[PDB]
Structures are given as structure tokens and as C-alpha cells.
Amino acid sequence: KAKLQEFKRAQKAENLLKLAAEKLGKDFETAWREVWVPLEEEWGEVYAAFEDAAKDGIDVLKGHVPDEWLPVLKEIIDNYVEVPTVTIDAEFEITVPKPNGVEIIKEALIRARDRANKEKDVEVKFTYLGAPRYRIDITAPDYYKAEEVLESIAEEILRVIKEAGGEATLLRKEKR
């Protein structure tokens, strides 16, 4: 439970810091003195400090540890420290009665995906499953945000498809 979980988090924080020390070419004691001690005093747990950095940016540590550490800590924390997320998936059935309907569909999807993906922390992806099915996968901080992204994307796709004389439909997987 709790304590063991504290052990495992501290173990991992130690391996990560050691990796950083090596990359940055610094002795282990220095890493402890300069990084471990400061972060532990203020976040109460070094791994939690690494999680904040992973979620809210490496600058959360700026000021608490020398600057030379930030670069290497970012790369390492970003690779190994998970950030809470949810992913949902749905699919569109899109028909565009035109010799070039297919390419028009990609254009619309590509445009919708890119737009949606410029939003911080959101990651949208489309998977063509063979006409007229297009699966959509969304990753976001929480379910509310992910649903809002879907709704936004669906509104744009339907609008654009009905403009090109086609027809789009959003299907949702009923889970229970």
C-alpha cells in the first residue's frame, strides 16, 4: 500500500536522478546535494516534484535547482514520468458522392485534426478503416475535455462535409 508505494517512487526518482547525473557528468553526491535535498524539502517527495515537472513543465523546478540541471531533467522526466490522461475513441461514417470524395475527406480530417491538435495537452488521431469508416482517437487530461474536443471536431467535420455535398455521421460506442 502507501509506504511501499513511497519506496518504489523514491527508488525510481533515484534511478532517474542518477541517469541525469551521468548525462550531465556529475558525481552522485552532488546530485543529492543540489537536486534531491531541495526538491524533497519543498514537495515533500522527490518523485512528486518530477511529476509536477512532467505535467506543468520543467520550469516548476527553476529556482529550486541549478539551471544546468533543467535541460537533462526535462528529457529524462518526460520519457519516464507518466502524466495523467484519458483516451476515448469514436468513429465517423463519411460519404461524399463525388469522383474525388475520398481526397476531399482526408483534406477535411487533416484540417480538423491539425486545428484540434494545436490545443495544449490534446492529441487527436484518425484511422481510416476502409470507406466510409474513419475512427477517431482522442487523448486529453480528463474525460470532460476529451468529449469537448470530440464535439468540437464533429461539428467542424459535419459542417465541412455537408458543404462539399457529402454527409458525415458521428457514431458512438455504447459501453453499457
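Start at 1 and count along the sequence shown; that's the residue number.
Asker: Taking the recorded C-alpha temperature factors, which stretch has the higher mean, 49 to 57 or 30 to 38?
Answerer: Between 30 to 38 and 49 to 57, it is 49 to 57 that shows the higher mean C-alpha B-factor.
Asker: Between 123 to 131 and 142 to 150, name whichever shows the higher mean Cα B factor according to the PDB entry.
Answerer: The deposited B-factors put 123 to 131 ahead on the C-alpha mean.
Asker: Whose C-alpha has the highest temperature factor in the PDB entry: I77, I88, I94, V102?
Answerer: Highest C-alpha B-factor among the listed options: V102.
Asker: Among the modelled residues of this chain, does the Cα B factor of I136 put it in the lowest, middle or highest third?
Answerer: Ranked within chain, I136 CA B lands in the lowest tercile.
Asker: Quick check on the deposited entry: does the C-alpha B-factor of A20 sit in the lowest, middle or highest third of its chain?
Answerer: Answer is lowest: the recorded C-alpha B-factor places it there.
Asker: Lowest, middle or highest third: where is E156 by C-alpha B factor in its chain?
Answerer: Answer is middle: the recorded C-alpha B-factor places it there.
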